[PDB]
Amino acid sequence: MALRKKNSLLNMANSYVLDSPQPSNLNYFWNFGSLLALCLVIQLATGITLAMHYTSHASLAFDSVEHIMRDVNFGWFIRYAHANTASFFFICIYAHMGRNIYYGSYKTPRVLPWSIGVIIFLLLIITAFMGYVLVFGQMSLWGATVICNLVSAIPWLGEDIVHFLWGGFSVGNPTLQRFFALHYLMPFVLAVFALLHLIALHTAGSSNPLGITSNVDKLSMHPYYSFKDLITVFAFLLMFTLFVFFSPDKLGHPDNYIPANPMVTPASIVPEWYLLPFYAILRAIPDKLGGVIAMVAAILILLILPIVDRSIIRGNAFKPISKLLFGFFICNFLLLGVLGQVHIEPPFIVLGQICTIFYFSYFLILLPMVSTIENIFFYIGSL
Amino acid sequence: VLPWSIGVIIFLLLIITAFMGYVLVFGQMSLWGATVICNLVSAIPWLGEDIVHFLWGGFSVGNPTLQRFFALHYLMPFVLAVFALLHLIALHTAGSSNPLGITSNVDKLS
Amino acid sequence: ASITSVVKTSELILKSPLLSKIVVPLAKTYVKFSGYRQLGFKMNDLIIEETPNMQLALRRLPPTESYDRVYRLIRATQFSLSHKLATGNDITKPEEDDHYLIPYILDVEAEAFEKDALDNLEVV
Amino acid sequence: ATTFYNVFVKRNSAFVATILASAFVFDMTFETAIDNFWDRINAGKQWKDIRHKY
Amino acid sequence: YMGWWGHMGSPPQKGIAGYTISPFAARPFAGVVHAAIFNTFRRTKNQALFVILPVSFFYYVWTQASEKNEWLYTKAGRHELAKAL
Amino acid sequence: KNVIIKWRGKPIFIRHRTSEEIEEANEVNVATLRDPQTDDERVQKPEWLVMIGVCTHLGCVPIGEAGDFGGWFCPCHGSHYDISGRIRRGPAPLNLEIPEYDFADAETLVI
Amino acid sequence: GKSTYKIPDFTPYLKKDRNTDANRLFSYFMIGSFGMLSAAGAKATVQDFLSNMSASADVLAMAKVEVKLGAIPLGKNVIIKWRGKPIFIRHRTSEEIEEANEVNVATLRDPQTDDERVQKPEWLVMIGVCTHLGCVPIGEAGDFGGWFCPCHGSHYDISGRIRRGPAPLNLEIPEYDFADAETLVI
Amino acid sequence: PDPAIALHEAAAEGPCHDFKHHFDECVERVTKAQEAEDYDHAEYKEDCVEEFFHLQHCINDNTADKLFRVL
Amino acid sequence: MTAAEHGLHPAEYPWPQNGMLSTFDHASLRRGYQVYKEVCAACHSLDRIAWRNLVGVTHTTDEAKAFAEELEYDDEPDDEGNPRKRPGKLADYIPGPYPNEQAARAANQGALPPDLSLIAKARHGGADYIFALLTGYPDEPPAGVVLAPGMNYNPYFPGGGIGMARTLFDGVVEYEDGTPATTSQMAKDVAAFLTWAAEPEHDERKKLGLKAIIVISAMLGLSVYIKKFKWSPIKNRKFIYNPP
Ligand code: HEC
Ligand code: HEM
Ligand code: HEM
Ligand code: HEM
Ligand SMILES: CCCCCC[C@H]1C(=O)O[C@H](C)[C@H](NC(=O)c2cccc(NC=O)c2O)C(=O)O[C@@H](C)[C@@H]1OC(=O)CC(C)C
Ligand SMILES: CCCCCCCCCCCCO[C@@H]1O[C@H](CO)[C@@H](O[C@H]2O[C@H](CO)[C@@H](O)[C@H](O)[C@H]2O)[C@H](O)[C@H]1O
Ligand SMILES: CCCCCCCCCCCCO[C@@H]1O[C@H](CO)[C@@H](O[C@H]2O[C@H](CO)[C@@H](O)[C@H](O)[C@H]2O)[C@H](O)[C@H]1O
Ligand SMILES: O=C1C(O)=C([C@H]2CC[C@@H](c3ccc(Cl)cc3)CC2)C(=O)c2ccccc21
Ligand SMILES: O=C1C(O)=C([C@H]2CC[C@@H](c3ccc(Cl)cc3)CC2)C(=O)c2ccccc21
Ligand code: FES
Ligand code: FES
């Protein structure tokens with residue numbers, strides 16, 4: 001028996017990256033999983049490297065980031081790589097969640113990797129945010145204020161929790177140092193959860209774009225998907241290179257190159273491109289608690305897809321009506337993204353509310369209804 | 111032999127972790143400790159001396175060194191927890207030894 | 002959702018003259034646009050099978066029907082990965098799109114739902 | 004051509020040695036080639052081009 | 009639900025003969041021109057409406073909203089803005 | 114004019130309100146106000162609006178003179194405060210907090 | 039359709055010269071090129087990336103430190119910081135110089151005479167970092183009454199030559215010049 | 076002398092003539108409105124910022140490339 | 085918002101550094117430093133730039149040492165622990181005009197002139213915004229604009245009213261290379277210089293990106309050949325089914 005199978009440690013690696021039996025027909029949207037793995041590796045490498053140069057003290061943090069840009073050899077690269085990969089991480093993770101929603105990867109028997117995934121998505125948001133704050137530019141400080149005040153929504157104890165998370169009466173040095181600690185930590189927690197959702201997936205194996213069983217026709221993970229994943233690694237690095245080397249600040253907010261001034265917040269508050277959809281959700285709802293609940297619920301509601309999709313068929317390849325509904329849902333999520341960065345003015349206030357209702361009605365109304373009707377259309381239509 | 115050998119690496123990582131942690135205080139023993147350990151690479155001939163400078167990020171132990179020890183001291187324990195986990199996974203093939211050194215396959219307890 | 006649900010609801014529609022008059026043409030068009038026949042599938046090949054109930058139904062298939070199902074799935078997987086469609090005899094013609102599995106899953110589920118019901122019976 | 008396969012490709016030791024020696028040559032020549040190219044497209048712009056005045 | 013090599017959990021297969029040739033024996037880019045043009049056109053055409061319909065609708069919606077917003081903050085749009093607030 | 118005094122890292126808006134500003138504030142029926150308060154309750158001296166200039170929604174500092182009730186507008190989620198610094202539109206639930214301030218002299222206040 | 043001995047038509051894909059060495063070699067050229075660019079790319083990535091840990095531009099500021107000598111009495115050692123490393127400056131007495139000139143150069147891990155070390159017999163200038171692992175030796179202590187590194191017990195001389203203990207070399211001498219007779223620059 | 080002065084004037088009389096007249100008309104109206112009494116106690120005071128921005132935005136589009144070509 | 089509140093968006097000027105393979109024009113950088121030194125440095129600091137940063141960009145080692153050596157910087161205390169000054173060295177930072185924010189505001193009718201080391205990255209528009217702003221003071225504010233006291237009308241600045249007056253006038257600088265110092269020329273030079281200040285790695289970054297684009301393109305092409313090659317057995321797989 002082959003060493004790779006005999007030896008307990010190798011056997012675990014083997015089962016994940018070499019002999020792992022995968023469906024033979026996964027398309028390029030199955031490549032985001034490995035890109036997110038690559039982003040996670042880049043982020044750890046550049047992140048730990050920035051941590052060797054960055055100073056968490058509020059009096060020095062912004063300056064240490066300038067020192068990284070200016071004085072550290074290749075510091076510019078490491079910094080921009082870290083910042084840009086955080087954007088690519090979100091492109092890839094929305095792509096990956098997109099793929100999963102379109103192909104019904106959330107349905108049995110994969111509800112567990114899906115649900116662990118939803119937590120990875122929340123942790124990524126908190127990691128990337130905590131990392132945003134470490135620059136301690138204007139947006140950084142204000143972002144900190146808002147995120148740490150989302151717990152004020154929680155009644156009674158809320159206000160005290162806020163002060164406890166700031167370690168002060170305002171965002172200041174204490175907050176910045178604890179964000180550094182946690183921003184360093186959170187990615188390792190995220191890598192644990194990323195691993196766990198794979199372990200949960202390993203019981204069912206990957207879904208495939210047809211949504212049928214692949215038990216009839218499996219391919220070893222290597223060499224087929226190893227070499228397939230290189231294509232996207234290099235395509236990703238091409239896009240990475242164009243941002244990192246040619247336009248490192250395209251995805252950034254100018255205001256973060258202003259040091260944090262707790263006395264003013266910029267007139268143009270617009271968070272990271274990837275938080276924009278939920279930020280528009282938060283703006284839409286005119287209640288404090290309401291706004292917060294809705295924003296969190298916009299992520300947590302993904303947890304109910306396993307229930308509300310009533311289809312007897314896995315995924316959307318074969319469901320014209322569901323594909324159209326999914327197209328409108330995705331475009332609405334992009335519209336929310338767009339509305340996140342306009343000014344809070346007519347007519348976009350009402351529009352943002354309509355998009356927020358449409359976002360939630362996909363999970364609560366439309367998906368359950370459409371999936372029910374298409375079940376019936378398949379049965380009647382094929383008699 | 112495998113959990114043992116992985117263990118020997120955990121032992122080395124613990125030494126490096128706890129040491130890097132010692133340095134972070136940046137008291138007198140901390141700074142000297144840093145000097146000494148980074149100069150153990152000076153033993154390595156030729157490149158050795160350049161490595162020392164590269165590890166310090168300077169000509170001496172100073173700010174650059176302390177910030178990089180902080181980064182690595184935070185990191186090293188998570189690496190060490192991975193290795194601790196791995197040596198258990200390696201052990202799980204044979205199970206624990208016991209004080210008699212005989213097989214325990216005859217008499218196991220949850 | 003259960004196949005039983007889908008089948009009973011479909012039967013309610015096919016009973017009502019009005020309903021069938023408007024729904025049957027919709028469903029036939031839906032199935033044409035669905036395009037599973039263009040990979041040589043029968044409708045029933047697409048039913049989610051990673052379920053206790055469905056695994057049991059699939060074990061109940063006659064060897065013939067079972068072997069043919071495996072072939073259609075292998076062949077469709079191959080079309081999918083090549084990004085080709087079926088041509089000629091591989092395309093499922095409407096007359097070949099038989100509900101080979103529906104009787105088996107309906108029997109499996111009939112028993113499973115009776116079991117749930119009878120687990121909750123109250124002697125009067 | 005068989006000969007070339009037999010020498011540089013058949014043994015993996017030889018193939019990897021050839022790839023790394025090619026990477027060495029490529030790395031050195033690519034650096035030099037881009038340096039010259041970069042100086043030609045940004046001619047008169049760079050410090051090396053105005054340095055002579057001082 | 010999925011096993012491993014040898015016991016993958018396929019319903020028993022019989023009667024499928026699978027044939028392939030060596031990667032060295034095949035032209036990896038055979039019919040690439042045909043595929044790149046005709047096959048991609050086929051696949052694009054078949055999916056086009058699923059992209060075009062929502063993109064065109066939400067681009068219309070955005071366009072209308074952005075044009076109204078622009079207009080409200082002109083001199084001409086003073087009155088309509090005063091009503092909106 | 115409105116000043117910004119740092120106090121406990123939080124900004125303090127101090128506005129020297131004109132007569133007609135005070136009048137504008139005293140107008141709104143208290144009934145229709147998320148947080149029902151009159152200016153009299155807020156200021157201890159009508160000519161010195163003193164507030165903790167942190168928006169009661171999530172905690173940005175509203176940009177003064179902007180708004181729609183021409184007082185303060187929080188740019189973060191678009192909540193509008195009044196010339197009393199009462200919330201009129203947007204997600205903020207409460208009116209801008211008033212610190213404990215005393216006029217030691219008529220020309221100096223302590224916070 | 040039926041016979042399994044009639045292999046399906048593969049002529050659209052089959053290479054005629056599939057069995058030539060030229061044919062394999064071409065695909066290995068592709069794999070090897072990809073290995074070559076990966077290797078060039080990896081080396082470039084690692085080199086550039088790890089260079090962040092090398093001394094940053096701000097650290098790479100040089101010193102040039104000027105020290106007076108009028109202040110320093112006979113039989114004393116000063117410590118001047120220069121590039122964060124300490125510089126021992128000893129104002130050696132006549133009999134100290136004599137003591138140093140005695141030891142047969144033959145029996146010295148690092149064979150050097152005081153003449154090679156100092157450019158002026160009355161000014162022992164050394165980089166006061168122990169050549170073993172890099173502590174700063176405590177002066178006047180030792181066993182050769184010069185300097186003793188307390189870290190691993192290496193003894194330096196009045197020339198600052200290593201006599202006993204793990205240190206392999208004698209205490210390094212910086213580049214120093216007497217600009218005046220009363221001030222040296224390092 | 077400043078190359079921009081000439082390029083801006085050229086672009087105003089030429090490709091941005093429409094916007095030049097709009098700004099001109101606007102200023103005429105606003106100055107006349109300021110001249111009229113009880114303007115200070117009016118609700119709405121008209122400015123010409125919009126027209127100015129239309130003009131400047133236009134001039135910039137027709138000038139940017141030309142200006143940098145002569146520097 | 086109204087156009088006023090946003091500021092007019094600056095024109096996109098064809099800077100030498102725009103373009104994937106284009107460096108800064110270093111001659112322009114040098115000229116722009118001279119504008120910073122002789123105009124802007126009166127009010128604006130450039131705190132993140134050290135003398136050494138000009139070396140081999142705009143100035144030789146010797147010229148930059150001369151600039152540093154003209155200034156006095158805080159030394160370590162003397163032997164009695166009394167404070168001392170020393171002449172500047174290349175590692176020293178270019179010193180600001182003002183000791184603190186309050187002194188800066190006092191000299192600028194309350195407004196604080198920002199540090200310019202990062203201003204090209206800190207504003208939408210970057211170089212174009214700086215050039216547009218410096219050159220964009222109209223002789224007369226558009227009719228109807230009421231400026232707050234000590235504000236100057238500049239359409240590019242959001243709100244329109246900027247606390248910085250027009251400062252570049254034809255011949256306020258005398259360039260050492262004989263270039264005609266016109267308002268536009270000085271604004272272009274200083275805008276370029278400030279953009280360099282914000283992103284000094286720019287030149288290196290784009291060159292390494294060029295090398296990366298080439299390598300990564302080739303690797304992407306090869307990776308696709310290799311993927312297709314390895315996958316060809318699966319793509320080319322054919323089935324014969326004989327129902328049992
Ligand atoms: C004597 C004063 C003074 C001089 C000279 C001066 N500035 Fe300023 N500058 C200011 C003040 C004050 C502000 C702040 C204006 C405000 O925020 O209202 C400012 C703002 C700026 C801003 C940014 C405005 C913004 O977007 O916040 C830039 C860029 C700028 N100056 C660049 C320059 C350049 C380039 C020069 C000369 C080449 C220059 N300044 C000369 C006082 C000056
Ligand atoms: C750090 C972030 C993540 C990484 C590195 C990661 C990685 C992967 C990988 C490698 C796979 C298997 C290959 C693939 O299908 O692409 C996978 C599958 C999956 N991931 Fe993720 N993932 C991450 C985040 C998420 C998130 C946020 C979700 C869900 C919200 C998710 C849900 C899933 C599911 C459901 C599968 C099974 C999909 C299937 O193969 O049909 N993952 N992931
Ligand atoms: C998922 C993994 C990570 C994500 C998504 C992430 C995201 C981010 C983001 C968005 C920033 C703001 C960057 C900027 O605009 O400058 C940042 C900064 C930072 N991150 Fe991370 N990060 C990750 C992992 C790590 C890790 C593992 C470390 C290890 C310490 C780290 C260290 C830092 C440091 C020190 C900064 C501040 C310096 C800077 O802004 O560049 N990050 N991170
Ligand atoms: C972070 C440090 C470590 C942790 C948390 C850890 C934990 C454990 C645990 C829980 C076991 C099983 C129960 C037991 O026998 O006590 C074990 C067994 C073992 N550990 Fe460790 N260990 C660590 C370090 C080491 C080191 C440094 C070595 C070897 C140099 C080592 C070698 C072993 C071996 C050989 C066994 C199998 C012993 C047996 O049960 O007969 N471990 N370790
Ligand atoms: C070294 C052994 C340790 C085991 C964990 C390491 C990683 C691992 O398992 O790699 C695999 C290559 C995996 N891909 C797939 O499953 C995969 C499956 C099907 C199709 C494709 N592609 C399609 O075309 C795939 O790419 C992957 O990228 O998942 C990473 C996230 C894993 O990292 C972790 O969870 C740990 C941590 C670094 C996040
Ligand atoms: C950095 C973290 C350290 C550990 C991470 C390494 C990879 C993750 C392994 C944890 C999951 C192991 O959990 C279990 O492992 C065994 C041992 O291979 C694997 O077992 C799998 O392959 C083996 C043989 O290859 C089959 O007999 C088995 O049917 C199949 O499930 C599965 O993967 C999983 O059932
Ligand atoms: C996996 C680990 C294995 C151990 C490998 C150890 C590698 C660490 C050594 C760092 C080497 C850096 O050495 C230094 O590299 C930089 C680039 O980084 C080169 O720098 C050269 O190219 C860079 C761009 O890449 C230019 O900015 C620079 O002007 C030019 O001189 C130097 O000529 C070289 O002196
Ligand atoms: O007002 C906001 C704001 O609302 C967010 C938001 C958007 C995304 C939110 C979020 C989304 C999803 C989850 Cl699961 C949790 C938080 C977090 C807060 C920010 O990131 C921000 C950054 C800088 C200044 C202001 C702000
Ligand atoms: O001089 C030393 C010295 O020599 C050691 C150390 C060096 C390395 C340690 C060590 C490194 C690696 C291993 Cl595998 C085992 C021990 C053991 C003692 C120190 O730790 C030290 C700490 C503080 C001040 C001075 C010193
Ligand atoms: S932060 Fe003040 S409006 Fe939400
Ligand atoms: S450190 Fe000097 S003796 Fe070892």
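Protein chains in written order, with the deposited numbering: chain N, 1 to 383; chain C, 111 to 220; chain R, 2 to 125; chain T, 4 to 57; chain S, 9 to 93; chain E, 114 to 224; chain P, 39 to 224; chain Q, 76 to 146; chain O, 85 to 328.
All C-beta atoms in this analysis are idealised placements derived from N, C-alpha and C, irrespective of residue type, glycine included.
In this structure, N/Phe32 places its C-beta atom within 8 Å of the C-beta atom of N/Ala95. Contact check between the region 123-142 of chain N and the region 221-228 of chain N: fewer than three CB pairs, one atom from each, fall below 8 Å, which does not count as touching. Shown in chain order are the members of the region 289-310 of chain O whose Cβ falls below 7 Å from a Cβ of chain T: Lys291, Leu294 and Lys295. Listed along the chain, the chain T residues whose CB falls inside 7 Å of the CB of P/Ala77 are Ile22, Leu23 and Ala26.
In this structure, the CA atom of C/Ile199 is about 36 Å from the CA atom of T/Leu23. Here the C-alpha atom of O/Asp287 lies approximately 19 Å from the C-alpha atom of O/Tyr97.
Contact check for P/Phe126 and P/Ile117: beta-carbon distance about 6 Å, within the 8 Å limit, so the pair qualifies.
In this structure, N/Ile313 lies away from R/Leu19, with their beta-carbon atoms at least 8 Å apart. Counting the other Cβ atoms within 10 Å of the Cβ of Q/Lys95 gives 16 or more, which makes it buried. Here P/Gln150 carries a coil assignment [DSSP, helix/strand/coil].
Interface annotation for the region 203-237 of chain N against chain O: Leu219, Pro223, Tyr224, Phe227, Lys228, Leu230, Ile231, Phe234, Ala235 and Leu237, criterion Cβ-Cβ distance under 7 Å. P/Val223 is bridged by DSSP to P/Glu104 and P/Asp215. Under the three-state reduction of DSSP output, S/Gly26 falls in the strand class. Contact check between the region 250-268 of chain N and the region 185-202 of chain E: three or more CB pairs, one atom from each, fall below 8 Å, which counts as touching. Residue-level contact by beta carbon holds for O/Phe313 and chain P, with a gap shorter than 8 Å.
Taking C-alpha positions only, Q/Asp136 is separated from Q/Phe127 by approximately 14 Å. Using a Cβ-Cβ distance cut-off of 8 Å, the region 159-178 of chain O and the region 101-117 of chain O are not in contact, since fewer than three pairs of beta carbons, one from each stretch, lie closer than that value. In its chain, beyond the 5 residues on either side, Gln157, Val163, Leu222, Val223 and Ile224 have a beta carbon closer than 8 Å to the beta carbon of P/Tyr214. In this structure, O/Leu130 is the residue among O/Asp223, O/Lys149 and O/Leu130 with its C-alpha nearest to the C-alpha of N/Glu66.
Counting along the chain, R/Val8 sits inside the alpha helix (DSSP H) bounded by residues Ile4 to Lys16. If you draw a straight line from the Cα of R/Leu57 to the Cα of R/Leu119, it is about 20 Å long.
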